[PDB]
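A.B. asks: Partial complex here, more coming in a sec:
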Amino acid sequence: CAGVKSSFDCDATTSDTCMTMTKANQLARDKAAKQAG
Amino acid sequence: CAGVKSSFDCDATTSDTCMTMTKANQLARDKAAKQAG
Amino acid sequence: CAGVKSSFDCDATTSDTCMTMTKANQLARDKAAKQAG
């Protein structure tokens, strides 16, 4: 075992959802207009 | 065994369907016109 | 064990609350005006 603690606190990570980068550009396109509004 | 996880999440790969590259050019030819439309 | 004492006295540390740095700029923005007043 590790003497000091072996866990983090954020416990949040990225999710690779096997999503095609072509749709990634489209996904960022509409969100940018929506978040700006 | 590996201490950290040994599996991916995409679980999608390419399929080598023993398809002749001559037909590959033909396959890309008609799709390009169709996807464009 | 360690011959000399192995503990500190401050016993206070930072808390990584998985908080997005975008809100961090906003958090510092309003506090600066409030603390100044």
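C.D. replies: Good, I have the coordinates. Residues are numbered from 1 along each chain as shown, chains lettered A, B, ... in the order given.
A.B. asks: what residues does chain A put near chain C?
C.D. replies: Residues of chain A lying close to chain C (C-beta under 8 Å from any C-beta of the partner chain) are A:9-12. C-betas here are computed from N, CA, C, even on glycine.
A.B. asks: Can you pick out the most distant pair from those residues?
C.D. replies: With distances taken as C-beta to C-beta, the most widely separated pair in the residues of chain A next to chain C is A:9 and A:12, at 9.8 Å.
A.B. asks: which stretches of chain A form helices?
C.D. replies: Here chain A has its helices, by DSSP state H, at A:21-36.
A.B. asks: Mind telling me which residue of it is nearest chain C?
C.D. replies: Chain C sits closest to residue A:10 of chain A, with a gap of 4.1 Å, by C-beta to the nearest C-beta.
A.B. asks: just checking, that residue touches residue C:18?
C.D. replies: Yes - contact criterion C-beta atoms under 8 Å: residue A:10 and residue C:18 qualify, at 4.1 Å.
A.B. asks: how much space between the residue most central in space within chain A and residue C:8?
C.D. replies: Closest residue to the average C-alpha location of chain A: residue A:14 at 4.2 Å, with C-alpha atoms, centre = their mean. The gap separating residue A:14 from residue C:8 is 35 Å, by C-beta to C-beta, to the nearest Å.
A.B. asks: And for residue A:4?
C.D. replies: If you measure residue A:4 against residue C:8 using C-beta to C-beta, the figure is 14 Å.
A.B. asks: sequence below should go in as chain D:
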Amino acid sequence: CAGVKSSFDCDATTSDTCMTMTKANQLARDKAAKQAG
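C.D. replies: Let me put chain D in with the others:
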């Protein structure tokens, strides 16, 4: 044994049919005219 899979998927190979290269030129000659047509 091999840890990863040890087989391919194409499963198609060349057939050395002990055919004289003199006839090979003749074989390519008539096919070229026929495939062109």
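A.B. asks: how much space between the residue nearest to the centre of chain A and residue D:5?
C.D. replies: If you go by C-beta to C-beta, the gap between residue A:14 and residue D:5 works out to 29 Å.
A.B. asks: Residue of chain A nearest chain B, please.
C.D. replies: Counting by C-beta to the nearest C-beta, chain A gets nearest to chain B through residue A:18 (4.1 Å).
A.B. asks: Leaving aside the residues adjacent along the chain, what's closest to the residue in chain A positioned nearest to chain D?
C.D. replies: Nearest residue of chain A to chain D (C-beta to the nearest C-beta) works out as residue A:18 at 21.4 Å. Take residue A:18 and drop its neighbours on the chain: the residue closest to it by C-beta to C-beta, 6 or more residues apart in numbering or on different chains is residue B:10, 4.1 Å away.
A.B. asks: what about that neighbour, how many residues close to it?
C.D. replies: Residue B:10 has 9 neighbouring residues, counting by other C-beta atoms under 10 Å in any protein chain shown.
A.B. asks: Surely it and residue A:15 touch.
C.D. replies: No - between residue B:10 and residue A:15 there is no contact, the gap being 11.1 Å when judged by C-beta under 8 Å.
A.B. asks: Would you mind listing what in chain A touches chain D?
C.D. replies: By the rule C-beta under 8 Å from any C-beta, no part of chain A lies against chain D.
A.B. asks: got the residues of chain A near chain B?
C.D. replies: Within chain A, the positions lying close to chain B (C-beta under 8 Å from any C-beta) are A:15-18.
A.B. asks: mind adding chain E? sequence follows:
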Amino acid sequence: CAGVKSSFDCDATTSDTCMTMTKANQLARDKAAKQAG
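C.D. replies: That brings us to chain E, laid onto the chains above:
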């Protein structure tokens, strides 16, 4: 044994028929005229 196959497929080889090279020139002489015809 050999792990991969140890046999060929042509199974045809040359036959050294202890034939005098003087007759070899004669053998090629008449065949050339005959095959040409």
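A.B. asks: which residues does residue A:6 contact?
C.D. replies: By C-beta atoms under 8 Å, 6 or more residues apart in numbering or on different chains, no residues touch residue A:6.
A.B. asks: roughly how far apart are it and residue B:37?
C.D. replies: Distance of residue A:6 to residue B:37, given as C-beta to C-beta: 55 Å.
A.B. asks: And residue A:37, by the same measure?
C.D. replies: 32 Å.
A.B. asks: Now residue A:15. Nearest residue, chain neighbours left out?
C.D. replies: Of all residues not flanking residue A:15 in the chain, residue B:9 sits nearest, at 7.9 Å (C-beta to C-beta, 6+ apart).
A.B. asks: Tell me, how many residues neighbour residue A:19?
C.D. replies: Residue A:19 has 11 neighbours, counted by other C-beta under 10 Å.
A.B. asks: Kindly report the same for residue A:15.
C.D. replies: By other C-beta under 10 Å, 7 other residues sit near residue A:15.
A.B. asks: try residue A:25
C.D. replies: Residues contacting residue A:25 under the criterion other C-beta under 10 Å number 9.
A.B. asks: One more: residue A:17?
C.D. replies: The number of residues near residue A:17, taken as other C-beta under 10 Å, comes to 7.
A.B. asks: residues contacting the closest residue to it other than its chain neighbours?
C.D. replies: Counting by C-beta to C-beta, 6+ apart, residue A:17 lies nearest to residue B:9, which is 7.9 Å off, once chain neighbours are set aside. Contacts of residue B:9 were listed using C-beta under 8 Å, 6+ apart, and they are A:15-18.
A.B. asks: Noted, bye for now.
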